[PDB]
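> Structure provided below as structure tokens; questions to follow.
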Amino acid sequence: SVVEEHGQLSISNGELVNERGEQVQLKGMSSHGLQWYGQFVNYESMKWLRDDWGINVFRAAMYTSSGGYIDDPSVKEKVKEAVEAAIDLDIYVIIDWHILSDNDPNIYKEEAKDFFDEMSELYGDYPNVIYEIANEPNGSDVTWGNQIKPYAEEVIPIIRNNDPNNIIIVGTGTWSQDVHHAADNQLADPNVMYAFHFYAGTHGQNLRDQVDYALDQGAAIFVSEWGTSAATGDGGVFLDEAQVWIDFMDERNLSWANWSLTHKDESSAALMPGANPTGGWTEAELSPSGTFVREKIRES
Ligand SMILES: *[C@H]1O[C@H](CO)[C@@H](O[C@@H]2O[C@H](CO)[C@@H](O)[C@H](O)[C@H]2O)[C@H](O)[C@H]1F
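Printed below as a string of structure tokens:
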């Protein structure tokens with residue numbers, strides 16, 4: 004239903020629109036690292052998220068380091084399973100080259116180009132696919148102008164050679180928070196979005212003003228990772244501030260993916276320890292975070 008109705012996505016005047024030009028907002032879940040919690044990413048769990056939660060996008064978080072793709076590349080196959088499931092369920096899917104401790108996207112750029120060549124050659128003629136080429140650039144020595152933009156200008160051409168206009172989400176500086184710098188020095192590709200990430204444990208009023216600054220420069224923004232917890236993914240659940248961000252994203256028509264779908268014992272995890280990896284969760288199998296996220300997407 005979703006992908007058949009909205010079809011080809013694109014960016015028009017800094018907004019995400021469907022193939023008939025109407026604004027569309029995607030809301031879904033991100034996996035946790037596929038090298039650790041890959042059992043939660045399968046057709047059945049994704050189908051349960053779609054039908055019971057109302058998700059319209061799923062994000063496959065393929066860590067590169069921390070036991071991820073560079074150490075064991077077999078995890079790319081789990082990305083393919085998520086993509087195929089999304090195609091079968093007629094929802095959108097984000098392929099995330101999940102950099103983090105490998106804080107500069109240039110560290111593994113050659114592997115990233117090869118990876119994105121393969122993914123775009125395989126799925127480049129489906130409208131479901133959204134490429135996220137560098138999850139969270141971070142560090143004082145990793146800037147938009149010197150490291151991130153140039154990386155993006157190497158990897159985007161590889162993708163575009165196989166897939167001319169599916170959406171590409173590009174990470175920003177300071178753990179994908181520095182949308183200001185990226186919005187003042189935008190990429191040429193017309194179907195790019197800049198990532199913006201937030202954690203409800205952080206007081207967010209200036210961060211909201213910064214997203215508004217970026218939007219005002221005509222940059223499109225995709226909230227490809229956010230949590231109800233602190234920045235570490237644990238440390239409490241902050242639903243009042245999470246609700247303020249939810250409302251802000253609805254007012255600005257910003258698409259988002261919540262972190263994360265796992266049973267790990269950390270506040271941002273959506274599931275409790277005994278949740279079935281294939282779905283069908285009862286209220287008791289959802290954590291306080293997962294209960295809130297599900298309500299937000301159902302309400303949508
Ligand atoms: C965005 O922020 C989330 C929360 O910090 C990160 O997810 C955390 O990553 C650490 C390091 O891998 C894991 O130990 C935590 O369990 C996990 O919640 C995510 O990687 C980042 F993109």
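Just so we're aligned: 24 in the entry's author numbering is position 21 of the sequence shown, and the numbers increase by one with no gaps anywhere.
For each residue, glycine too, the CB sits at the ideal point set by N, CA and C.
1) Check whether the segment 159 to 174 touches the segment 120 to 134, counting contact only when three or more Cβ pairs, one atom from each stretch, lie closer than 8 angstroms.
2) Mind listing, in chain order, the continuous alpha helix (DSSP H) runs of no fewer than 4 residues lying wholly within the segment 107 to 149?
3) What residues are listed by DSSP as bridge partners for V60?
4) How far does the alpha helix (DSSP H) with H9 in it reach, from first residue to last?
5) Alpha carbons only, please: which of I171, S290, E244 is nearest the one belonging to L210?
6) Expressed to the nearest angstrom, what Euclidean distance is found between the alpha-carbon atoms of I102 and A203?
7) Tell me the residue span of the beta strand (DSSP E) that contains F225.
8) Does the segment 91 to 98 come close enough to the segment 49 to 63 that 3 or more CB-CB pairs lie under 8 angstroms?
9) Rounded to whole angstroms, how far is the Cβ of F119 from the Cβ of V173, which I believe are closer than 8 angstroms?
10) Could you round the C-beta distance between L37 and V44 to whole angstroms and report it? I think they count as a contact, below 8 angstroms.
11) Alpha carbon to alpha carbon, how far is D75 from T285? Give it in angstroms, no decimals.
12) Between the C-alpha atoms of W259 and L29, what's the straight-line distance to the nearest angstrom?
13) For a test of your reading of the model: does the CB of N138 fall under 7 angstroms from any non-hydrogen atom of ligand 1? Yes or no.
14) Work out the CA separation of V132 and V86 for me, nearest whole Å.
15) Taking only three categories from DSSP, how would you classify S15?
16) Let me check one thing: in DSSP terms, what residues is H101 bridge-paired to?
17) Might you give, ordered along the chain, the residues of its own chain that have their beta carbon closer than 6 angstroms to the beta carbon of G142, omitting 5 neighbours on each side?
18) Excluding the five sequence neighbours on either side, which residues of its own chain have a C-beta within less than 6 angstroms of the C-beta of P291, listed in chain order?
19) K152: which of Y134, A186, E121 sits nearest, CA to CA?
20) Measuring from the CB of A234, is there a heavy atom of ligand 1 at a distance below 7 angstroms?
21) Just tell me which of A155, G277, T294, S48 has its CA closest to the CA of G230.
Working from what's here:
1) Cβ pair count under 8 angstroms is three or more, so yes.
2) Contiguous alpha helix (DSSP H) elements confined to the segment 107 to 149 occur at 112 to 126, taking only those with 4 or more residues.
3) According to DSSP, which records beta bridges pairwise, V60 is partnered with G31, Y95.
4) For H9, the enclosing alpha helix (DSSP H) starts and ends at 5 to 9.
5) Per the Cα distances, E244.
6) Approximately 22 angstroms between the Cα atoms of the pair.
7) From DSSP, the beta strand (DSSP E) with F225 extends over 224 to 230.
8) Yes, since at least three Cβ pairs between the segment 49 to 63 and the segment 91 to 98 fall closer than 8 angstroms, the two stretches touch.
9) About 12 angstroms; that fails the 8 angstroms criterion.
10) About 7 angstroms separates the Cβ atoms of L37 and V44, confirming a contact at the 8 angstroms cut-off.
11) Approximately 34 angstroms between the Cα atoms of the pair.
12) Approximately 6 angstroms, taken between the alpha carbons.
13) Here the distance from the Cβ of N138 to the nearest heavy atom of ligand 1 is below 7 angstroms.
14) Taking the straight line joining both Cα atoms gives about 8 angstroms.
15) Per DSSP, reduced to three states, the secondary structure at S15 is strand.
16) Bridge partners of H101: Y66.
17) Counting only residues of its own chain and dropping the five nearest sequence neighbours on each side, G142 has a CB closer than 6 angstroms to the CB of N106.
18) These residues qualify, in order along the chain: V240.
19) The residue with the shortest Cα to Cα distance from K152 is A186.
20) Within the cutoff, so yes.
21) From the listed residues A155, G277, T294, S48, the smallest Cα separation to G230 is found for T294.
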